[PDB]
């Protein structure tokens, strides 16, 4: 029944909020809809895989909050395999390469590719992380889809196709589904294009030994009986002195404050008294999550390594069920595996098939790309379709369709009386990730601490010291990369020299 703060949702954000508040000496309850904690992270354990992350998994440099929280809980990271060559598969052909990005040899295509990435970052610099709607051209960029932006920016099909794959992979949505402003914000608040797509020195550098699900599990252990599983919140009443929170299984909870640590649209599952203010009421119907099936194919050995392939494949084209893979072999070199995401429309399309049919398509693709018959002999397969999750709504995170961020973005983390808003979607650095969940959870917790008069206002937003275990190399550009012209820039140079 009675406590200081009810936290709705036991994912990383809710658990981090509850832990902070508990550590501060407050009585907290976590109400979790599912029979488990973790939310969009889920570590499956069986004999065949030992352990596997079926949701959120990767961490990297600049993600200092999740790294610190996990370290405190007794967890370790290991490096995702990127020792050998990456593969770029284009027009039914594989091109091995070293370094983070597939080389471009055609000089026009090179200028186009260079300009695209550069422009994405240039545009991002105009977008405040904590207030994207305050960008000078916010409205213009928000009233455009990423598809429209790509059509304007890319003078080659090659750049457009790779840019499209980049969008699909980053936000599990089609270029035509998402606001250009929102997507540009999303990339910028992750530290830019290089940081977001890189394995080495980027978001995909590392995984947790034993799985990411341990983060939420170990906090639950610390909180004891304070975490209530199978308690979906259905009703929040703020008419009285204490907030009343009701669950589906008929239980009633009373608190001074509430943290909502669920995906914004999942707020729809709760009936509010009094009704939510107009802007939030409408906002929560406007913010869908993306579509993804995470698939892991297991092999007897990491055979790709013997061919000097690290396991990273970037695969162009509609036919490919998966567009980006990573080696998912354990740090010990066993339980050899390839991880791939079936993204956006392909998640929708391929969900109609059986598990076995999906496995077959993946193996035949990998056999083609790696040029290896061994890819046709999987020993095991695991997958998770996040689109079917009632209490997630999708994965990895919430996307904003055109026009929504400028009109409703201000509302995202605006408190509603005694309800404060956590969840990775309300973060300002690595929003969408486990890192963002920690930031948002701890910030929401601190908002309540300030409301109670326990901390000053300037302590609500707290900086994080850099991890000593996972140091961040700065993102650099060469002179040529900075100053080489775009395609229209080169054409203008030709038109001017013709005088």
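The term rigid core refers to the maximal set of C-alpha atoms that superpose within 1.5 Å between the two forms. Residue numbers count along the first chain shown, from 1.
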Quiz item: Do you reckon 94 to 102 or 109 to 117 strays further from the shown form in 9 other deposited structures of this protein, measuring C-alpha RMS after a core fit?
Solution: 94 to 102
Practice problem: Using only the Cα atoms and their B-factors as the entry lists them, report which of 401 to 409 and 319 to 327 averages higher. | Solution: 319 to 327
Practice problem: Would you tell me which stretch averages the higher CA B-factor in the PDB entry, 208 to 216 or 351 to 359? | Solution: 351 to 359
Exercise. Please work out which residue in 364, 140, 237, 148 has the highest C-alpha B-factor recorded for this crystal structure.
Key: 237
Quiz item: Highest CA temperature factor in the entry: which of 431, 57, 473, 63?
Solution: 473
Quiz item: Going by what the PDB entry lists, where does residue 309 fall on CA B-factor within its chain: lowest, middle or highest third?
Solution: middle
Practice problem: For residue 469, return the chain-relative third of its C-alpha B-factor as stated in the PDB record: lowest, middle or highest. | Solution: highest
Practice problem: Within this chain's modelled residues, let me know which third the CA B factor of residue 17 belongs to: lowest, middle or highest. | Solution: middle
Exercise. Classify residue 226 as lowest, middle or highest third according to the C-alpha B-factor given in the PDB entry, relative to its own chain.
Key: highest
Quiz item: Should residue 255 be placed in the lowest, middle or highest third of its chain by the C-alpha B factor in the entry?
Solution: highest
